[PDB]
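Chemist: before I ask anything, here's the sequence and the deposited coordinates:
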Amino acid sequence: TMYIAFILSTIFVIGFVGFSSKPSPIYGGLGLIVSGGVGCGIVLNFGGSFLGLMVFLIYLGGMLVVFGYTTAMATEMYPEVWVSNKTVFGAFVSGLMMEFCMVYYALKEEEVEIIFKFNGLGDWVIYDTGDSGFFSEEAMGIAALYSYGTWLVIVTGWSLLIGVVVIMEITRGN
Amino acid sequence: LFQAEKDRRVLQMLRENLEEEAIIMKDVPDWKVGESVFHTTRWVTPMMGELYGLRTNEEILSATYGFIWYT
Amino acid sequence: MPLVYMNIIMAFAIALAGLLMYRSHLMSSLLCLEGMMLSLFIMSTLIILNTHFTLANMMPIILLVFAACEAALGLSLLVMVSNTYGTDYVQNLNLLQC
Amino acid sequence: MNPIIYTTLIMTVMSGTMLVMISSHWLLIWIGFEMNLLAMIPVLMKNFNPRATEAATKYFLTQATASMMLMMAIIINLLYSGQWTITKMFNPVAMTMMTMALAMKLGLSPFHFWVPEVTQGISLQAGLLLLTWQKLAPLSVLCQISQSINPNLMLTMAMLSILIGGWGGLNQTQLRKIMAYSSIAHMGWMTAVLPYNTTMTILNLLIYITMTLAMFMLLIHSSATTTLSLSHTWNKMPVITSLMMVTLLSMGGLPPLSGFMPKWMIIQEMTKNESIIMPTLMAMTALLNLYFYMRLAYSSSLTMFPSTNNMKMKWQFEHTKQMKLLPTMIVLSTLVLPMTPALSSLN
Amino acid sequence: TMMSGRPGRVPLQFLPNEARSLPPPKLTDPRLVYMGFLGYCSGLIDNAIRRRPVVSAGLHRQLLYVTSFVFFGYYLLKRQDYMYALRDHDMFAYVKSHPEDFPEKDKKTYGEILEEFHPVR
Amino acid sequence: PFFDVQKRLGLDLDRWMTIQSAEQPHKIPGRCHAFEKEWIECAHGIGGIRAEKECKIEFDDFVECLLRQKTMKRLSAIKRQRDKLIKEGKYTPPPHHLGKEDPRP
Amino acid sequence: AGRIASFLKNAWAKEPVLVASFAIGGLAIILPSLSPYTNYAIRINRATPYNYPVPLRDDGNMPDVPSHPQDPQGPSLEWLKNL
Amino acid sequence: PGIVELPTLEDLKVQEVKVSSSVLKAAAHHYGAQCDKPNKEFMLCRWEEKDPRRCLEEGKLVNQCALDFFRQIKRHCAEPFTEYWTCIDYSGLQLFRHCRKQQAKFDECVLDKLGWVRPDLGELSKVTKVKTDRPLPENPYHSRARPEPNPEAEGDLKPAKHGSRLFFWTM
Amino acid sequence: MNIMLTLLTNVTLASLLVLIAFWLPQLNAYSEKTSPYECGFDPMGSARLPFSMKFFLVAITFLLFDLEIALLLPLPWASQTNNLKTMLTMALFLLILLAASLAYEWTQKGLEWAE
Ligand SMILES: CCCCCCCCCCCCCCCCCC(=O)OC[C@H](COP(=O)([O-])OCC[N+](C)(C)C)OC(=O)CCCCCCCCCCCCCCCCC
Ligand SMILES: CCCCCCCCCCCCCCCCC[C@@H](O)O[C@H](CO[C@H](O)CCCCCCCCCCCCCCC)COP(=O)(O)OCC[N+](C)(C)C
Ligand SMILES: CCCCCCCCCCCCCCCCCC(=O)OC[C@H](COP(=O)(O)OCCN)OC(=O)CCCCCCCCCCCCCCCCC
């Protein structure tokens, strides 16, 4: 078992609690980067190496722009950190306490939330016995974006081109 | 050849799990050993919990993560 | 359902509650918006990889693409607001009233 | 904005809505919503000023939140069924998330504040496109998934929409905010009938779109954005004020005008399903909308307000641009009550 | 959606092939005349908005308005009649197929039916 | 609302991706391909109402294959009973379950 | 034609990078439709046995299906062998 | 619902093929050429029955053919085969490209001692046909009777009686 | 497992180096030594004041193009498909749309830094 997926999921939730308590965009980006790396680990354990590395790389690139933007647009004299503010620390502690409570309840008994029913057992239990051979199912399914999914490529490329046009138009001014 | 070996190994582990379940759940009031959770009588591929359930953590880990962690 | 799905859904709920509760900066809310799509990506790929839905493996990539388009749109609006008002504070977006 | 870029952005908005309407896959529906929003932001920001920037920011924030909630609902539905097709949703929690997201997109209460704020922020053409097309898409999705809609949630949001629209419109004195609150009330009516007859939903959508197009184009023709600005139009072109007064009477639901047909059909259809309290409350609450339409009609056509001295030069000059299909919208929004049984063709 | 998804429905078809067996509307239909009247009203409103003589100017334009409205009204009436015929057909077939749900009841005369009398005084 | 242009024009834009029992690259089967096929075949052509009333057994099997809730309940019950029996020393695991056996190749 | 030559000579003197980029892209778009080896690439991809070749149940009316791998019937990769 | 049926441990017993992956990969083309028929019968059974419990005897026959093939090799070409699979076992990926001399010696030995011809490129991947006496499964999915379809439309269309019947409209 | 052990080893070695650096030498700290550096004179303002970014548009375009390359990365596996013509068409379509985005921004002066 080793509970590696559960530990990683808990760290994922912790990073979300951080950047959602919202200290300041520098530390929000730091927490989001931690969460992206940990999610890469979770999906690597579940099987998708390409998907994990891709989401990690995309969020590393995206948060690089956010740093430059918060240096220019979203900075103040004394940037707030988690312990610097009463509201930020309160929200951070609330999120951590909620995560701890739900984790403890799930481990102690099969916890049914007011939304969904969860069973405390093995993420290794839920896996499938069967195997593939001499190819990666994830890689083949992703590579099927060009043979299958011609429509998806068309709409995605159109959206990206129009996105360039839009960002040029919004920031025109005048 | 590996297909035949796989079928024999899976069925053997299932039979052993069934025997251990019969030994364990002998005093449970409403419990039928070997009862399927599916309405259909068609053969259903076991999940890793059904095969490596009553086994050591070493075997469980090898079966569930050995390939992914092998680098 | 495993506890992993519970944690991912909890992360999405936390990121949604973060977005809906502004403090001062628009950038922090944008970061909360980017976290929600990260949790959506992780949840979708966990569901797809477990079920061996081979042709659905491309869906998280499209999800990421449109997350990027949303982030670009939000950053463009943020630079326009900052040019107008000197700060990215959401208190300045009060000219229009209900 | 370059005319070519503007028309390609309009076409992209329309393409996103059409993708939403023709897709059978939840991912493609989400893609259509995203494409619509992305191309719709610059249209709002077409005339650059702080109000337009603020309106575009608020619209983007609301629509991004709604799209995120919609994708969460889609993924939750996939978890419990493994189905990507848009049909009855297999999870009540996913259905509740989907209903909340689509209501936030449409502006149903309590998700309505962005509607008056953004509409006042953006120009008349942008508000026309916003109301019409951006109501056109989510309602098609709701009609597709109607058989799993929670009647209690849908009807609660519909009655809230009707009440809020009436009251806000009562207070407002700006024409664009009046139009926005009227839009909220009409969306309330449509979604109230939604869990019983999607055909009646479509009929109300078409009549509302016609009346809104006529009203917005009359405002654009008269170049009036406030009550007092519209009070000068009787001294320039008294025909436009009369047409606007008849259109306002139609929008208020007075017989025998075309605005009575949707309310009539919806009341009848809900009564068939043994609903009486809800149709009676809905019918009585529309008197608020009629009151502020009549308040607007007093200022512009039924009374003659003071004018200014440069109106003489305005008399000397003539209106150049011609509105496309304005006479047709005026006629369709007032005189098609005897053509009611064509809703079977609409079926 | 009552009749959406009815078996044998071709998508995006304004008028199916099975609608050809119904009587087409007469060209002097009062509904067609009302559609022409709507076209004429649109033409007059066009002249009024553009500040031309309302009844005199743009006779060709007014003719085009009336003709377009009559054309579209003719096709709309055909589709409406087809949908109503389809509804009646389905209803009759269902009643025929479910006799236990739509039973014929024995008719009793008013000499046999007893009704309470409520005097007005 | 729904304009079935795909059905009208004979196109295939996303119906390939709608289900996991459809054509997959290299004929890779889904985890619940048989259950989904059975449910789809049962529910074909009878509409949503009758499909929900009558194919409930097939749908229940499909959801069981998807989520594995009854199986996890059984596994957890067996684990709890085994742990309780081991706590009081009433149960002894066999060597092939303790790791003192030679499995098949 | 003279205008085309003048434009190309000006671009080659001002933007050789862009001239090379467009030439390479244009060749990449056009050449595959003229190459006789595209079908060979498709055939080589089809000839790769990723999964098991499940045999057919013999009905006695399958003269083109081999009974053994080494029988003459069945696809041949002799074309790929000498390629 | 019901109780699953599992074969006992007595009838799951068989003589195992206790060679390693390198040994199997060395004698893989000759094995596929020689023991083709039992393996094809077993694979057809597995794909038609969709049930491990219904093709145990075919698995026993597969193991028996493998053991007979390896005994036949061991009786005649033990030394070249040992050299060949020793060469294969060194490679981390178990590549055929690095052991062409030993493969040549082994192929020469089995061609003379046993008359074996190694399959050419693209032959073991061919889809063949199998003659079996076991009947074709009628219901391999254990399906149920499908729900009866709704009755189709019948008759010719007549105009709606008394028109729309929508309130006061006479048409 | 091995990768986790490797990451742990690298992080532990770096942290030990930091610990040795901050604890081995003799330390003497006072307010003048630890003051911020600005070439011998005191800083007029604060280093936390807003710092204008003249390439704000190139950053957004970088986000979009980064996800374009994310789309392009699975091409090596896409070359093993039987639908080579469709794969090649869609790959060239994506690359041509990327080139079109670059050309549009370049001609509309999006690549020029603000003045
Ligand atoms: C190359 C990368 C890794 C580098 C690792 C370390 C490299 C250097 C190894 C040799 C270091 C020798 C000792 C230097 C200590 C600093 C000198 C100093 O501060 O002197 C002034 C001070 C003077 O003290 P004082 O008491 O006279 O002064 C009082 C203060 N004032 C100046 C104001 C009057 O020296 C000391 O305090 C002496 C402390 C003990 C010195 C020996 C202890 C360290 C032994 C190191 C052995 C190696 C293993 C452990 C080290 C880590 C490496 C694994
Ligand atoms: C030049 C002559 C004049 C032309 C003027 C043209 C103006 C109108 C443009 C034509 C509009 C209709 C398009 C006709 C071709 C499209 C065919 C298709 O769209 O028709 C059917 C659908 O068409 C429309 O739905 C109905 C057309 C009729 C609408 C106009 C009348 C609305 C009623 C208003 C009554 C009171 C006003 C009376 C008119 C003045 C297809 O059914 P289906 O694909 O499966 O729908 C799926 C979605 N559903 C099931 C939920 C509905
Ligand atoms: C299929 C598309 C239908 C809509 C097309 C609308 C195009 C015109 C839009 C502008 C507003 C109306 C026209 C007002 C006059 C404009 C200036 C002028 O002098 O126009 C002259 C023009 C002459 O007509 P002409 O262009 O030759 O006809 C088409 C030839 N191929 O004069 C005219 O064209 C006048 C008559 C216009 C047609 C009547 C109005 C629409 C009728 C619709 C019938 C269906 C009813 C429901 C409509 C719902 C909304 C579309």
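Modeler: Okay, I see it. Numbers count the residues shown, from 1 in each chain, chains lettered A, B, ... in the order given. Ligands and ions are numbered 1, 2, ... in the order given.
Chemist: return the set of buried residues in stretch I:91-102.
Modeler: Buried residues in stretch I:91-102, counting neighbours by 16 or more other CB atoms under 10 Å in any protein chain shown, are found at I:91, I:94, I:95, I:97, I:98, I:101. (C-beta placed from N, C-alpha, C; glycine too.)
Chemist: is it true that the fourth one touches residue A:163?
Modeler: What it means is residue I:97. No: Residue I:97 is beyond contact range of residue A:163, at 11.1 Å (criterion: CB atoms under 8 Å).
Chemist: show the residue spans covered by the helices in chain F.
Modeler: Under the criterion DSSP state H, chain F contains helices at F:5-9, F:15-18, F:33-43, F:47-54, F:56-67, F:69-87, F:95-98.
Chemist: of the ones you listed, which is nearest residue D:272?
Modeler: When the helices of chain F are compared by CB to CB, helix F:47-54 sits nearest residue D:272, at 18.9 Å.
Chemist: can you name the residue of chain D nearest to chain F?
Modeler: Proximity of chain D to chain F (CB to the nearest CB) peaks at residue D:25, 3.5 Å away.
Chemist: which residues touch that residue?
Modeler: D:84, D:85, D:86, F:13, F:14, F:15, F:17, F:18 (CB atoms under 8 Å, 6 or more residues apart in numbering or on different chains).
Chemist: still on that earlier bit, and which of the buried residues of stretch I:91-102 is nearest to residue C:60?
Modeler: residue I:94 (17.7 Å).
Chemist: not counting its neighbours along the chain, what's nearest that closest one?
Modeler: residue A:157 (5.5 Å; CB to CB, 6 or more residues apart in numbering or on different chains).
Chemist: hmm, the one you found is touching residue I:91, no?
Modeler: No: in this structure, residue A:157 is not within contact of residue I:91 by CB under 8 Å, at 11.0 Å.
Chemist: what strand or helix carries residue D:1?
Modeler: Per DSSP states H and E, residue D:1 falls between elements, in no helix or strand.
Chemist: that one contacts residue D:44, doesn't it?
Modeler: No: counting by CB under 8 Å, residue D:1 does not reach residue D:44; the two are 11.6 Å apart.
Chemist: give the contact list for the closest residue to residue C:57 other than its chain neighbours.
Modeler: Spatial nearest neighbour of residue C:57, chain neighbours left out: residue A:141 (3.3 Å); criterion: CB to CB, 6+ apart. By CB under 8 Å, 6+ apart, residue A:141 lies in contact with C:53, C:54, C:55, C:56, C:57, C:58, F:24, F:25, F:28.
Chemist: burial check on the third one, number of neighbours?
Modeler: Translated: residue C:55. Residue C:55: 26 surrounding residues under other CB atoms under 10 Å in any protein chain shown.
Chemist: tell me the contacts of the residue nearest to the spatial centre of chain B?
Modeler: Closest to where the C-alpha atoms of chain B average out (CA atoms, centre = their mean) is residue B:51, at 2.1 Å. For residue B:51, the contact set (CB under 8 Å, 6+ apart) comprises A:129, B:10, B:13, B:14, B:17, B:63.
Chemist: which of the residues you listed fall in helices?
Modeler: B:10, B:13, B:14, B:17, B:63.
Chemist: of those, list those near chain H.
Modeler: Residues of these in contact with chain H (CB under 8 Å from any CB of the partner chain): B:10, B:14.
Chemist: re earlier: element containing the residue nearest to residue I:94, please.
Modeler: Assigned by DSSP H and E, residue A:157 falls in helix A:150-170.
Chemist: by contact count, what packs against that helix?
Modeler: helix A:137-147, helix C:59-85, helix D:3-22, helix D:26-44, helix I:56-72, helix I:84-107 (3 or more CB pairs under 8 Å, 6 or more residues apart in numbering or on different chains; DSSP states H and E).
Chemist: count the neighbours of residue A:69 for me.
Modeler: 24.
Chemist: cool, and residue D:36?
Modeler: 25.
Chemist: which parts of the chain are helices?
Modeler: Let's take chain A. A:4-21, A:25-46, A:49-72, A:86-108, A:137-147, A:150-170.
Chemist: chain G was what I was after
Modeler: G:2-14, G:16-34, G:38-46, G:78-81.
Chemist: need those in JSON lines (columns: distance to chain H).
Modeler: Below are the helices of chain G laid out as JSON lines (distance: least, CB to the nearest CB, whole Å):
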{"stretch": "helix G:2-14", "distance to chain H": "47"}
{"stretch": "helix G:16-34", "distance to chain H": "26"}
{"stretch": "helix G:38-46", "distance to chain H": "11"}
{"stretch": "helix G:78-81", "distance to chain H": "6"}
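Chemist: which stretch among those helices comes nearest ligand 1?
Modeler: helix G:16-34 (46.6 Å; CB to the nearest ligand atom).
Chemist: tilt between the closest one and helix G:38-46?
Modeler: Relative orientation of helix G:16-34 versus helix G:38-46 (axes from the mean of the first three to the mean of the last three CA atoms, to 10 degrees): 70 degrees.
Chemist: for the closest residue to residue D:172 other than its chain neighbours, which residues are in contact?
Modeler: The shortest distance from residue D:172 to any non-neighbouring residue, by CB to CB, 6+ apart, is to residue D:178 (5.0 Å). Shown in contact with residue D:178 (CB under 8 Å, 6+ apart): D:169, D:172, D:292, D:296.
Chemist: neighbour-wise, give me the winner out of these.
Modeler: In the contacts of residue D:178, the most neighbours by other CB under 10 Å go to residue D:169, 25 neighbours.
Chemist: quick one: the one residue in chain C that gets nearest to chain E and residue I:72, what's the gap?
Modeler: Here the residue of chain C nearest chain E is residue C:55; by CB to the nearest CB that distance is 24.7 Å. According to CB to CB, to the nearest Å, residue C:55 stands 20 Å off from residue I:72.
Chemist: check residue C:83 too.
Modeler: Distance check for residue C:83 against residue I:72: by CB to CB, it reads 34 Å.
Chemist: can you give me the buried ones in the helix holding residue A:157?
Modeler: So for helix A:150-170, counting by 16+ other CB under 10 Å, buried means A:150-153, A:155-170.
Chemist: stretch E:20-39 now?
Modeler: In stretch E:20-39, counting by 16+ other CB under 10 Å, buried: E:22, E:25, E:29, E:31, E:32, E:34, E:35, E:36, E:37, E:38, E:39.
Chemist: just name the most buried of the helices of chain G.
Modeler: Highest mean neighbour count among the helices of chain G (mean count of other CB atoms under 10 Å in any protein chain shown): helix G:38-46, with a mean of 14.
Chemist: helices or strands up against that helix?
Modeler: helix G:78-81, helix I:84-107.
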